[PDB]
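S.K.: A single structure is presented below for examination.
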Amino acid sequence: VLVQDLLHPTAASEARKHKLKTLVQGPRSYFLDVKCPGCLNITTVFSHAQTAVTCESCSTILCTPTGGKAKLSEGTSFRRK
Amino acid sequence: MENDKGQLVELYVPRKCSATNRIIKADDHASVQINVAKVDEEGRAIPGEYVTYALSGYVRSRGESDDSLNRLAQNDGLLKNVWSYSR
Amino acid sequence: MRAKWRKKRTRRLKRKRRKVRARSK
Amino acid sequence: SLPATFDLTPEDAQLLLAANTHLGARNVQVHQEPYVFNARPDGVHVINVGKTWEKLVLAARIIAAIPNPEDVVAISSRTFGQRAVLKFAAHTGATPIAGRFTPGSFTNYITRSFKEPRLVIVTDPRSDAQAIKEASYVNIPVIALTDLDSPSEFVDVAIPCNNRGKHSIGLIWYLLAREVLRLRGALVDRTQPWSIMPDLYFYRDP
Amino acid sequence: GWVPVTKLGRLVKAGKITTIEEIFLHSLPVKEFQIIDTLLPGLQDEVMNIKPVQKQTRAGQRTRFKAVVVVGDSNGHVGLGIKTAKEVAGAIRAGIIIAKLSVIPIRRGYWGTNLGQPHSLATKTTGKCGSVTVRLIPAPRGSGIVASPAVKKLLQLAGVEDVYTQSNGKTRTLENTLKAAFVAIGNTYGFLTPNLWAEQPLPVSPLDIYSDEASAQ
Amino acid sequence: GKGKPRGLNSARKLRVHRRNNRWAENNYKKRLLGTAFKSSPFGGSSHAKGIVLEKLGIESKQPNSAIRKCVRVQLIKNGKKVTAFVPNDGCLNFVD
Amino acid sequence: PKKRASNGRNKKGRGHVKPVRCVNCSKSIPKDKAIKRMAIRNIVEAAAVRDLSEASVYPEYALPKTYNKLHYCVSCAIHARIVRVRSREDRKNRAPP
Amino acid sequence: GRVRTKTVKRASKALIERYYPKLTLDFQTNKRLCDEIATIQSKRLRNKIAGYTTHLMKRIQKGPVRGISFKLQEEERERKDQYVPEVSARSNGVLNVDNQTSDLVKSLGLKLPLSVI
Amino acid sequence: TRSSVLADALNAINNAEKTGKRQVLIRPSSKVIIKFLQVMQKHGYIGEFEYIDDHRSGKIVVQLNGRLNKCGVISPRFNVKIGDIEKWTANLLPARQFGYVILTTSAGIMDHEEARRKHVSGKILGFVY
RNA sequence: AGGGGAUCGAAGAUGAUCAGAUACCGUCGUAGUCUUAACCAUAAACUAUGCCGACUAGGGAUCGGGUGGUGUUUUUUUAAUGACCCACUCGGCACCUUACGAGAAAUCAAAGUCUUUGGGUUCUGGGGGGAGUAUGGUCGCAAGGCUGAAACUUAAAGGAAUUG
Ligand SMILES: NC[C@@H]1O[C@H](O[C@H]2[C@@H](O)[C@H](O[C@@H]3[C@@H](O)[C@H](N)C[C@H](N)[C@H]3O[C@H]3O[C@H](CO)[C@@H](O)[C@H](O)[C@H]3N)O[C@@H]2CO)[C@H](N)[C@@H](O)[C@@H]1O
Ligand SMILES: [Mg+2]
Ligand SMILES: [Mg+2]
Ligand SMILES: [Mg+2]
Ligand SMILES: [Mg+2]
Ligand SMILES: [Mg+2]
Ligand SMILES: [Mg+2]
Ligand SMILES: [Mg+2]
Ligand SMILES: [Mg+2]
Ligand SMILES: [Mg+2]
Ligand SMILES: [Mg+2]
Ligand SMILES: [Mg+2]
Ligand SMILES: [Mg+2]
Ligand SMILES: [Mg+2]
Ligand SMILES: [Mg+2]
Ligand SMILES: [Mg+2]
Ligand SMILES: [Mg+2]
Ligand SMILES: [Mg+2]
Ligand SMILES: [Mg+2]
Ligand SMILES: [Mg+2]
Ligand SMILES: [Mg+2]
Ligand SMILES: [Mg+2]
Ligand SMILES: [Mg+2]
Ligand SMILES: [Mg+2]
Ligand SMILES: [Mg+2]
Ligand SMILES: [Zn+2]
Ligand SMILES: [Zn+2]
């Protein structure tokens with residue numbers, strides 16, 4: 002810790018750092034793609050859900066909002082892109 | 001330090017720190033100079049022939065000495081796979 | 001004398017000084 | 002640049018891992034963070050022993066380089082390998098200091114302890130920090146055996162190890178003396194192991 | 034002749050180092066008062082001040098004397114020391130001993146023009162003994178030493194020809210004023226100008242060149 | 002920091018605030034209040050003629066003892082009575 | 002000049018602590034100040050415990066304890082040497098004896 | 002009480018240093034010894050110097066004593082500090102590590118004799 | 002609130018290089034930082050610097066070579082006559098030999114000597130030595 | 001001003017105490033203490049330390065929030081909301097070590113980045129007294145608050161630390 006690389010820092014330390022504290026502030030949030038217990042229709046849901054999102058018809062509960070990433074319900078799928 | 005006609009006028013020219021490039025003064029007795037020994041084939045270092053480094057009172061005190069050598073050593077070549085340039 | 005009690009002492013002085021001046025109506 | 006053969010000589014590797022010099026401290030002290038490989042759970046942070054070896058290499062070569070072997074000071078007050086500094090010191094010029102340091106030894110030209118070395122080496126930079134202070138008074142460079150938890154102040158190039166007792170300390174001085182006797186000296190045959198026992202450098206009993 | 038007890042005293046008494054600038058350059062802790070005697074003959078000492086100080090015994094008091102001396106030549110090697118002792122001339126004596134163990138290099142300089150043997154300092158410098166800052170400014174030639182007579186003497190033996198000064202603090206405390214100005218000139222060579230930007234090999238430290246004749250006999 | 006405005010437009014806040022604090026300077030105060038022309042026995046002049054009322058010996062302060070031989074004088078231009086010391090040795094005999 | 006950086010004892014980011022009454026002087030003193038040493042005693046002590054356990058019914062029984070937390074102001078606590086004077090760096094140590 | 006002052010101790014301490022082989026556990030002989038190799042202005046002073054330096058002896062014949070060293074002690078010092086084991090690293098065939106320090110082997114480009122747990 | 006943005010920079014530069022570090026992270030990045038950083042680097046007192054693009058005002062990374070005593074700023078940025086550059090240069094510069102008072106003229110950022118040859122002038126900015 | 005009035009308790013009354021004892025200590029006790037409505041606007045109202053922004057150093061405890069723990073524990077998926085452990089990261093009340101620095105020192109992660117003197121901005125101070133007095137104004141029912149001089153006097157006053 003005298004001379005180091007600020008231009009090319011390791012992502013080992015940079016990914017445990019703060020969202021604003023990376024060399025360029027990144028979003029730490031992602032986007033799912035989800036279905037029902039019984040339905041194929043794919044909802045595009047945000048990783049941290051302030052709203053309680055529904056899958057459209059038959060008025061389901063996909064996720065209950067938290068102080069953070071939404072808490073999903075029982076079982077259903079997810080894909081991070 | 002030159003002079004009028006180009007005739008050097010000065011009493012002495014001090015030594016930059018190898019780590020900080022900062023002058024080492026006369027009362028700088030905190031400072032340290034390091035002698036690393038050149039070798040022939042299969043070791044057995046040559047007397048009179050050294051690789052030399054200078055670490056002033058500051059860097060030694062502030063705690064970058066061991067690290068500022070590994071920093072320095074690899075470049076002229078001493079060691080490999082020791083000091084990272086990134087944390 | 002105590003700081004505090006010098007205060008009380010002149011706070012009495014200013015009362016008497018107001019009163020004597022009052023007699024000038 | 003160093004010839005290939007000076008590489009860690011894998012037979013020596015398991016001698017290290019037998020002496021447990023790979024077992025670091027339970028706290029890091031960020032100047033020692035480049036000297037760690039990873040942290041085993043249940044408390045140990047493993048030292049890279051190749052960086053360790055490359056230090057003994059660099060340590061030696063500087064110990065070697067010092068023109069006169071007699072003033073190169075090897076200091077230990079620690080009964081956990083104070084002994085090794087007598088063994089190291091006979092195998093080189095190396096005037097040892099083993100036991101209490103008697104402060105004012107490098108300063109204070111009167112005292113019976115006076116010295117003016119061009120190099121100083123220390124087992125434990127904490128309990129030997131007395132002399133480390135006096136180092137920077139007289140300009141003397143310094144080598145040390147530094148655990149992960151151990152002070153980084155005023156020590157020049159220094160060697161990581163366990164120094165929680167016994168082997169690692171002696172194992173390094175034994176390795177140090179061996180390596181400084183190999184470098185220049187009379188050992189040669191660098192591939193050839195030493196007859197001398199590493200446990201000769203181990204403090205004993207009762 | 035003296036009886037050198039230290040590793041440097043050998044290389045001195047032998048005749049193997051003829052200038053202090055070597056002892057300076059490698060930052061060598063001169064421990065022997067006679068070392069700098071040889072290297073610098075005719076090094077002029079002036080006694081600045083003598084004053085008594087008073088402690089108490091298990092009842093009454095204690096009396097002894099503080100001595101303030103400056104040793105320099107004209108060429109930029111200067112020292113300053115304070116010794117306090119029982120006798121007076123003993124304090125003066127041992128004062129000059131400590132004054133010599135302190136002597137220090139000086140980076141001199143020109144004003145606007147490099148003609149003819151630098152008359153001034155390199156940059157502006159300052160140094161502070163507690164509460165007292167003495168600050169040195171590069172005057173031109175013919176200006177002389179602008180400073181209080183107490184410092185002017187130090188800057189004389191410092192080998193300063195022309196200089197400017199500014200002081201902030203308790204100046205009537207003399208022992209702190211000279212120590213302040215002593216930090217000042219004793220800085221200029223630590224001030225890195227573009228002259229000294231020039232890269233250098235790290236000259237080889239005669240301590241190990243003469244290592245033979247050095248170590249104890 | 003520095004607690005005082007450096008802004009390029011701040012001249013008046015500076016020019017004023019100094020004009021305000023100058024009042025703390027004793028010498029400056031006296032000049033504006035006209036202290037000498039009012040509160041001083043001399044008019045603010047360097048000398049005053051006056052006439053002696055009574056010869057006055059005055060005891061000295063600690064740690065001294067002697068009689069200081071002064072006089073009471075009534076300034077002509079003024080009328081203000083003032084006490085002045087008569088110096089040297091036995092010059093009190095010179096004034097009546 | 003400041004003697005302590007707790008100044009008398011620890012507040013550090015509040016405006017008040019409702020003061021407590023001394024168990025000796027009755028002197029008032031903030032709860033954040035005011036030396037408090039919890040004191041539990043044997044209900045019996047002395048050699049009483051022997052002939053008391055003798056004189057009692059119940060098999061072997063068990064012994065209750067009095068529970069009191071005494072609060073002390075400085076002036077009293079020092080006089081009664083619940084606490085004593087220490088040196089410049091001795092005062093520093095907060096470790097309980 | 003019976004405490005002996007420094008002139009005594011600082012003598013007896015320096016006697017055993019340079020005279021150890023010629024010194025004994027017998028006081029009365031060391032008394033006669035003290036009159037030869039040393040000079041002591043008064044008789045009574047000598048007996049105390051002898052009396053402690055034999056007490057200093059009977060402890061140095063019972064074990065190493067802190068304040069002083071000498072020839073014969075520093076000799077068996079070098080002698081008695083020798084002993085090596087027959088073999089000690095032996096070790097029992099491979100070497101025992103727990104998984105991680107072993108990765109360092111698979112890191113540095115080495116093999117060794119690997120036993121994990 | 003952050004009011005200079007340049008002085009916030011030259012401080013971070015001046016700070017670390019006086020603690021021995023070789024590299025410094027500046028943010029945000031003024032084009033006036035850049036022009037200053039230029040005259041610094043071209044006169045040697047610093048190393049080479051690499052602009053960094055956020056979608057924000059952007060960062061910088063400056064390599065420190067040592068050898069730099071002080072980089073600084075004059076706020077407020079005074080109006081300076083031409084004859085009055087001499088009385089500035091004598092003030093904050095270490096010696097008449099070297100050192101740089103850096104202004105901002107209508108011709109743009111430069112040092113005091115570069116100003117002298119062109120015979121221009123403007124508001125003051127900072128200093129380098 | 002009503003309501004209230006348990007306790008404690010100015011004034012006071014006493015008993016003791018002392019050469020005296022208008023007190024400290026003891027018994028009683030008015031206002032007060034509590035409340036409602038309305039004033040008052042002072043406290044060592046203290047961290048005796050302005051606010052905003054940046055920068056420079058290590059260390060463990062802890063409060064709140066978030067992220068990762070195919071870590072842990074209690075039930076009857078030993079899976080599920082919890083609590084616990086561990087690592088990371090903001091934001092807190094503090095604390096420790098070092099002095100990188102700073103200071104007259106005591107000390108200070110700011111009280112640093114200050115004669116290499118300027119990021120922005122608000123307030124105050126200019127020897128000790130006299131004196132927070134006099135006067136005017138203003139606010140208050142009043143006690144008082146806010147504002148706030150001068151004449152004159154004086155060589156010290158003061159801070160920190162040291163030895164006694
Ligand atoms: N602003 C808090 C910061 O916490 C930082 O990190 C601290 C903690 O956040 C971090 O977590 C520690 C953990 O290391 C340690 N081994 C156990 C400890 N319980 C943890 O702390 C955690 O649990 C405690 C309650 O137990 C909570 O109060 C705390 O918020 C939480 N972070 O460990 C650090 C303490 O050793 C730094 N100390 C420092 O930047 C600063 O103090
Ligand atoms: Mg007050
Ligand atoms: Mg009237
Ligand atoms: Mg005593
Ligand atoms: Mg007087
Ligand atoms: Mg409190
Ligand atoms: Mg309060
Ligand atoms: Mg009623
Ligand atoms: Mg009652
Ligand atoms: Mg009464
Ligand atoms: Mg009487
Ligand atoms: Mg009487
Ligand atoms: Mg009476
Ligand atoms: Mg009576
Ligand atoms: Mg009463
Ligand atoms: Mg009533
Ligand atoms: Mg107030
Ligand atoms: Mg308080
Ligand atoms: Mg206040
Ligand atoms: Mg939490
Ligand atoms: Mg000026
Ligand atoms: Mg005043
Ligand atoms: Mg008032
Ligand atoms: Mg009024
Ligand atoms: Mg005092
Ligand atoms: Zn649905
Ligand atoms: Zn009490």
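If you read the protein sequences in the order shown, they are chains d7, d1, q1, s0, s2, d3, d6, c7 and d2. Anchor point for the first sequence: position 19 equals 20 in the authors' numbering, and the numbering is continuous, going up by one each time. Anchor point for the second sequence: position 65 equals 65 in the authors' numbering, and the numbering is continuous, going up by one each time. Anchor point for the third sequence: position 20 equals 20 in the authors' numbering, and the numbering is continuous, going up by one each time. Anchor point for the fourth sequence: position 172 equals 173 in the authors' numbering, and the numbering is continuous, going up by one each time. Anchor point for the fifth sequence: position 1 equals 34 in the authors' numbering, and the numbering is continuous, going up by one each time. Anchor point for the sixth sequence: position 1 equals 2 in the authors' numbering, and the numbering is continuous, going up by one each time. Anchor point for the seventh sequence: position 74 equals 75 in the authors' numbering, and the numbering is continuous, going up by one each time. Residues 2 to 90, 95 to 122 (the authors' numbering) make up the eighth sequence, in order. Anchor point for the ninth sequence: position 116 equals 117 in the authors' numbering, and the numbering is continuous, going up by one each time. Note that beta-carbon positions come from the ideal geometry of N, C-alpha and C, so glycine has one too.
Give the single residue among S76 (chain d6), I44 (chain d6), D33 (chain d6) and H80 (chain d6) whose Cα lies nearest to the Cα of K66 (chain d6).
M.R.: Closest option to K66 (chain d6), Cα to Cα, is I44 (chain d6).
S.K.: Name the residues in the region 60 to 75 of chain s2 whose C-beta lies less than 9 angstroms from a C-beta of chain s0; which are they?
M.R.: Under the 9 angstroms Cβ criterion, the region 60 to 75 of chain s2 contributes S60, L61, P62, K64 and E65.
S.K.: Taking the continuous alpha helix (DSSP H) assigned at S112 (chain c7), which residues delimit it?
M.R.: That run of the alpha helix (DSSP H) goes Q105 to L113.
S.K.: Quick one: any contact between the region 12 to 19 of chain d3 and the region 43 to 61 of chain d1, if contact means 3 or more CB pairs under 8 angstroms?
M.R.: Cβ pair count under 8 angstroms is below three, so no.
S.K.: In its own chain, which residues sit with a C-beta less than 8 angstroms from the C-beta of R69 (chain d3), not counting the 5 before and 5 after it?
M.R.: Result list for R69 (chain d3): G58, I59, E60, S61 and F86, in chain order.
S.K.: Is any non-hydrogen atom of ligand 26 found closer than 8 angstroms to the C-beta of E51 (chain d2), if you look at the structure I gave you?
M.R.: No, since every heavy atom of ligand 26 falls outside the 8 angstroms radius drawn around the Cβ of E51 (chain d2).
S.K.: When you measure from the CB of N92 (chain d2) to every non-hydrogen atom of ligand 21, does any distance come out below 8 angstroms?
M.R.: Result yes, Cβ under 8 angstroms from ligand 21.
S.K.: Only counting runs of 4 or more residues, tell me where the alpha helix (DSSP H) segments fall wholly within the region 89 to 156 of chain s2, in order along the chain.
M.R.: Listed in chain order, they are 122 to 134.
S.K.: Name the chain s2 residues that come within less than 7 angstroms of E117 (chain s0), Cβ to Cβ?
M.R.: Chain s2 residues near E117 (chain s0): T39 and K40.
S.K.: Counting contacts by CB-CB distance shorter than 9 angstroms, is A54 (chain d1) in contact with chain d7?
M.R.: No - not a single Cβ of chain d7 is within 9 angstroms of the one on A54 (chain d1).
S.K.: Residue 136 (chain d2): which of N16 (chain d2), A10 (chain d2), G109 (chain d2) and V129 (chain d2) sits nearest, CA to CA?
M.R.: No information on residue 136 (chain d2) is available, as it lies outside the stretch 2 to 130 that chain d2 covers here.
S.K.: Any beta carbon from chain d7 within less than 9 angstroms of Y85 (chain d1)'s own beta carbon?
M.R.: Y85 (chain d1) counts as touching chain d7.
S.K.: With the cut-off set at 9 angstroms, would you say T53 (chain s0) and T96 (chain s0) are in Cβ contact?
M.R.: Going by C-beta atoms, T53 (chain s0) is not nearer than 9 angstroms to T96 (chain s0).
S.K.: Mark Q15 (chain s0) as exposed unless 16 or more other C-beta atoms lie within 10 angstroms of its C-beta, in which case mark it buried.
M.R.: Under this definition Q15 (chain s0) is a buried residue.
S.K.: In terms of residues, what are the limits of the beta strand (DSSP E) holding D54 (chain d2)?
M.R.: No beta strand (DSSP E) holds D54 (chain d2); DSSP gives it neither H nor E.
S.K.: Starting from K37 (chain d6), follow the beta strand (DSSP E) in both directions and report where the run begins and ends.
M.R.: It spans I36 to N43 - the beta strand (DSSP E) in which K37 (chain d6) sits, taken as one unbroken run.
S.K.: Between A19 (chain d1) and chain s2, is the shortest Cβ-Cβ distance under 9 angstroms, so that the two count as touching?
M.R.: No, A19 (chain d1) lies away from the interface with chain s2 (no Cβ there is under 9 angstroms from its Cβ).
S.K.: Assess contact between the region 175 to 190 of chain s2 and the region 230 to 239 of chain s2, defined as three or more Cβ pairs (one per stretch) separated by less than 8 angstroms. Is contact present?
M.R.: These segments do not touch.
S.K.: Let me see if you follow: with CB-CB separation under 9 angstroms, is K116 (chain c7) close to chain s0 or not?
M.R.: Yes - at least one Cβ of chain s0 is within 9 angstroms of the one on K116 (chain c7).
S.K.: Can you give the Cα-Cα distance for residue 1 (chain d2) and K32 (chain d2), rounded to whole angstroms?
M.R.: Lying before the first or after the last residue shown, residue 1 (chain d2) is absent from chain d2, which here runs from 2 to 130.
S.K.: What does DSSP give as the partner residues of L58 (chain s2) in its beta bridges?
M.R.: Paired residue(s): none; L58 (chain s2) is not in a bridge.
S.K.: Examine chain s0 for any beta-carbon lying closer than 9 angstroms to the beta-carbon of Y50 (chain d1), and answer yes or no.
M.R.: By this cut-off, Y50 (chain d1) is an interface position.
S.K.: Helix, strand or coil for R60 (chain d1), going by three-state DSSP, please let me know.
M.R.: Helix, per DSSP.
S.K.: Would DSSP call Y20 (chain c7) helix, strand or coil?
M.R.: Three-state result, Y20 (chain c7): helix.
S.K.: Count the other CB atoms within 10 Å of the CB of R205 (chain s2); is the residue buried (16 or more) or exposed (fewer)?
M.R.: Flag for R205 (chain s2) reads exposed.
S.K.: Could you tell me which whole beta strand (DSSP E) segments of length 3 or greater appear in the region 58 to 96 of chain d2?
M.R.: DSSP runs (the beta strand (DSSP E)) wholly in the region 58 to 96 of chain d2: 60 to 64 and 72 to 74.
S.K.: Taking all protein chains shown into account, decide if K34 (chain d6) is buried (16 or more other Cβ within 10 angstroms of its Cβ) or exposed.
M.R.: So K34 (chain d6) counts as buried.
S.K.: Evaluate contact between the region 77 to 91 of chain d3 and the region 10 to 25 of chain d6, counting only Cβ atoms and requiring at least three cross-stretch pairs below 8 angstroms.
M.R.: The region 77 to 91 of chain d3 vs the region 10 to 25 of chain d6: no contact.
S.K.: Whole angstroms are fine: how far does the CA of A90 (chain s0) sit from the CA of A99 (chain s0)?
M.R.: So the alpha carbons of these two residues sit roughly 10 angstroms apart.
S.K.: Can you check whether the C-beta of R3 (chain d2) is within less than 9 angstroms of a C-beta belonging to chain d7?
M.R.: Output row for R3 (chain d2): interface = no.
S.K.: Along the chain, where does the beta strand (DSSP E) containing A54 (chain d1) start, and where does it finish?
M.R.: Start and end: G43 to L55.
S.K.: Using the Cα positions of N82 (chain s2) and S176 (chain s2), report the straight-line distance between them to the nearest angstrom.
M.R.: Roughly 27 angstroms separates the two Cα atoms.
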